[PDB]
Amino acid sequence: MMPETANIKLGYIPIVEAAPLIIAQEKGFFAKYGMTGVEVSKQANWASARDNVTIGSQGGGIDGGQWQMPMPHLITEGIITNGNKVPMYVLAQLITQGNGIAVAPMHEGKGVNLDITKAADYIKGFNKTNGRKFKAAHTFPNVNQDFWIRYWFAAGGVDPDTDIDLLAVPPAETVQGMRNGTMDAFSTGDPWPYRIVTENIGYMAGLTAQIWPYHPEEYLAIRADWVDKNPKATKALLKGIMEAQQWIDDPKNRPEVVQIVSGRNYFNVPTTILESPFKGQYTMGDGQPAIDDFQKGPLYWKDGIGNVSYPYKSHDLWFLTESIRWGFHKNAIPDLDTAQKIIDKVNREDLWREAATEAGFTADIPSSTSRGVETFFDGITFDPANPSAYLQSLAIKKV
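For the sequence shown, the deposited numbering begins at 54 and goes up steadily by one.
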């Protein structure tokens, strides 16, 4: 099925979530299906990734790439691009887990761990007791990592909007702040946790693998105009990604995966900082036991619930439901019906199914577009069939 074109520019951020794109390219999986002209382009930050996909490859940007959710949806509706609507299609989930919340040393022994309920008053009154409002950061508002730390805070009784200072700050600057004693928490992901702990910059309150096991995370999304014009090439790219994900999850191949992504032309970091996490090994600190479980590390093809790669529409729904929870994009996404309408235009799980079928991976295709009821660490459940009930079960929200 000769692709219409063998070329495409896909952006990535130098974190473990990018692995499938890098491996599909470097191990020849894209080439196997005819996509011999794939350029895996490093993005400076999420803002730059957003801008680059808006201009497209022809304008000097990118045709698609790696994204935190629901960026593809927000770009499609021009919500985060000042009204410039650039339709995109979510084609596959790249990975699950590999994210976590780091906390500064000064908060050790205060109960600021996975469940911060007992430390809620300590956090809320930090200005009076310590001279500043508890300060936390993520690197881009209204997406994955902002959601993770907001859920963690709110589950313990801390309002992330009113009780603390939750800011969007570059990763290096944030870590520097933690070292300087001016930043209290950081919603981040591999390879950051290893460095933060080993360099005694802070400890890990919890992994997203603990907050929501096998949670939806990073996704591959490409501009709709590119996909509509190159349907065969799109499926070829999906097959390459699928094989790369399958390859990455075999423990035998992980040393090579680590070696490749850590290389100078990609992440450009010492392999040592990624070796442990790729084995599901994390030193958590604050007197808590270390984690040594492959199932708690990043997973790219299959997880404990189902297939990782398949993009369940129920997950798109959770991201937009949580957006509504925090009052994000009030005018653009005023209700759950509007959210579903956006999801039906953006999520292209049908192409994932088609590509998987053509490639001979029919045994791995999920039977539904929903992964069913989702369960969080605090007992809250999200039933895709009734997002209203989920929202109403939450203690802290803006709706």
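Just so it is clear, CB atoms sit at the ideal spot from N, CA and C, and this is done for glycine as well.
Q. For the alpha helix (DSSP H) that contains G293, what are its first and last residues?
A. Start at 1 with the first residue of the sequence shown, and residue 293 comes out as number 240. Where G293 is concerned, the enclosing alpha helix (DSSP H) stretches over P284 to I301.
Q) In whole angstroms, what is the alpha-carbon distance linking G136 and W120? A) Residue numbering aside, residue 136 sits at position 83 when the sequence shown is read from its first letter. Residue numbering aside, residue 120 sits at position 67 when the sequence shown is read from its first letter. Their backbone Cα atoms lie some 19 Å apart in a straight line.
Q: To the nearest angstrom, report how far apart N384 and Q341 are at their CA atoms.
A: In the sequence shown, counting from the first residue as 1, residue 384 sits at position 331. In the sequence shown, counting from the first residue as 1, residue 341 sits at position 288. Each residue's alpha carbon lies about 43 Å from the other.
(Q) Using a Cβ-Cβ cutoff of less than 7 Å, which residues in the same chain neighbour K163 once the five nearest sequence positions on both sides are dropped? (A) Position 110 of the sequence shown, counted from the first residue, corresponds to residue 163. Once the five neighbours on either side are set aside, the close Cβ partners of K163 are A172 and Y175.
Q.
What does the alpha-carbon distance come out to for the pair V106 and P213?
A. Position 53 of the sequence shown, counted from the first residue, corresponds to residue 106. Position 160 of the sequence shown, counted from the first residue, corresponds to residue 213. About 30 Å.
Q.
For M257, tell me which candidate among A155, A286 and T170 has the shortest Cα-Cα distance.
A. Start at 1 with the first residue of the sequence shown, and residue 257 comes out as number 204. Ranking the options by Cα distance to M257, first place goes to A155.
Q. What is the DSSP secondary structure of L370, counted as helix, strand or coil?
A. Along the sequence shown, read from residue 1 onward, the residue named residue 370 stands at position 317. Note: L370 maps to helix in three-state DSSP.
(Q) Taking its Cβ as the centre, do 16 or more other Cβ atoms sit within 10 Å of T215, making it buried, or is it exposed? (A) Looking up residue 215 in the sequence shown gives position 162. So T215 ends up on the exposed side.
Q) Where do the ends of the beta strand (DSSP E) carrying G234 lie? A) The sequence position of residue 234 within the sequence shown is 181, counting from 1. It is not in any beta strand (DSSP E) - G234 carries neither H nor E in the DSSP assignment.
**Q.** Beta-bridge pairing of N253 - partner residues as DSSP gives them
**A.** Taking the first residue of the sequence shown as 1, we reach residue 253 at position 200. BP columns for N253 are empty, so no partner.
Q.
Quick check: the region 94-109 against the region 176-185, are at least 3 beta-carbon pairs closer than 8 Å?
A. no
Q. Three or more C-beta pairs closer than 8 Å, one from the region 228-244 and one from the region 118-133: is that the case here?
A. no
Q: Between the Cα of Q229 and those of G255, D243 and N60, spot the shortest distance and give me the residue it belongs to.
A: Here residue 229 corresponds to residue number 176 of the sequence shown, with the count starting at 1. The shortest Cα separation from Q229 among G255, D243 and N60 belongs to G255.
(Q) Tell me the DSSP secondary structure of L220 in three-state form. (A) Working through the sequence shown from its first residue, we reach residue 220 at position 167. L220: strand per DSSP, three-state reduction.
Q.
Per the DSSP calculation, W120 is bridged to which residue(s)?
A. For this step, residue 120 is matched to residue 67 along the sequence shown. Answer by DSSP bridge pairing, in chain order: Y272.
**Q.** Closest residue to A392 among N60, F372 and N152 (Cα-Cα distance)
**A.** If you number the sequence shown from 1, residue 392 lands on position 339. Checked all of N60, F372 and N152; the closest Cα to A392 is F372.
Q) Does the beta-carbon distance from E252 to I148 come in below 7 Å? A) In the sequence shown, the residue the question calls residue 252 occupies position 199. In the sequence shown, the residue the question calls residue 148 occupies position 95. No, these two residues do not count as a Cβ contact at 7 Å.
Q.
Would residue 34 and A207 qualify as a contact pair, given that the criterion is a beta-carbon distance under 7 Å?
A. Residue 34 lies beyond the stretch modelled for the chain, which goes from 54 to 452, so this question has no answer here.
(Q) If I follow the unbroken beta strand (DSSP E) through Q146, where does it start and stop? (A) Locating residue 146 in the sequence shown gives position 93, where the first residue counts as 1. From DSSP, the beta strand (DSSP E) with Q146 extends over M141 to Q146.
Q) Rounded to the nearest angstrom, how far is the Cβ of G64 from that of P351, given a contact under 8 Å? A) Along the sequence shown, read from residue 1 onward, the residue named residue 64 stands at position 11. Along the sequence shown, read from residue 1 onward, the residue named residue 351 stands at position 298. Not confirmed; about 19 Å, so no contact.
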